[PDB]
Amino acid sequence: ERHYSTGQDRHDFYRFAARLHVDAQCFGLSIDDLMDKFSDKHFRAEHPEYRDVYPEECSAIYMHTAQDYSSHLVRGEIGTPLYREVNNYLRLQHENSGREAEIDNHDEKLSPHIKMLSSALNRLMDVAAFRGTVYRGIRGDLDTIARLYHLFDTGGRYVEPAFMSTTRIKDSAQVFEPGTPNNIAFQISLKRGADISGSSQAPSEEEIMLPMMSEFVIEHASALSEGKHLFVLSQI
């Protein structure tokens, strides 16, 4: 059970996305604008990994990496950004295993996107899986820090129910050099992940994205400057 989109799914997604609000205070792209840039005959010519990836899938990746869409409106502006509502939903959800065996048992509102994004990553990992080292920067509590050292100390897996987002570029995690904002760094070596830089709103961020329910062994855990901590992760 790895999920791949169907024709009906791709219609669902279009209608789902068509209802999203775009941030007017920016140069926003609607689903039609996206369906267009991602169906553009030159796109798959410049990015052949996308040869057998649908525009609806490119759009799902794009919309997830962006800060401009929300399901809701708050007075003037867009509500909470799509990726956050979705990620948060996946982390809180207590009705599924959270795995791809059960992607058709999620909330009717968000599932068209959850499914589309999953399919996108699957299509891409199929042709061009990424293996290697990527990085994550987090900002957190002593409580958060303590949990990780705890997981490490007791051999518990680090498990992320949502779509993990990571970067190939150490600098981009914004953790390692003082005096950057993030105080928790993750150095992750992946056996398998999705290079979505082609569809990302910010390709220069050079991101690799993981499917729902990615699982890691914490190999090492140590201090850095400050204040700062480094956990070395290994994908299962």
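When you see a residue number, it is the position in the sequence shown, counting from 1.
The PDB entry reports B-factors from which the mean C-alpha value can be compared for 227 to 235 and 2 to 10; the larger average falls on 227 to 235. When 213 to 221 is weighed against 12 to 20, 213 to 221 comes out higher, by mean CA B-factor as recorded in the entry. Set against one another, the Cα B-factors of 174, 59, 39, 67 in the record reach their highest point at 174. In this entry, the residue among 199, 30, 187, 180 with the greatest C-alpha B factor is 180.
Among the modelled residues of its chain, residue 85 has a C-alpha B-factor that falls in the lowest third according to the deposited record. Among the modelled residues of its chain, residue 112 has a C-alpha B-factor that falls in the lowest third according to the deposited record. Sorting the modelled residues of the chain by their CA temperature factor places residue 169 in the highest third. When the CA B factors of the chain's modelled residues are split into thirds, the value for residue 146 lands in the lowest one. For residue 26, the recorded CA temperature factor ranks within the highest third of the chain's modelled residues.
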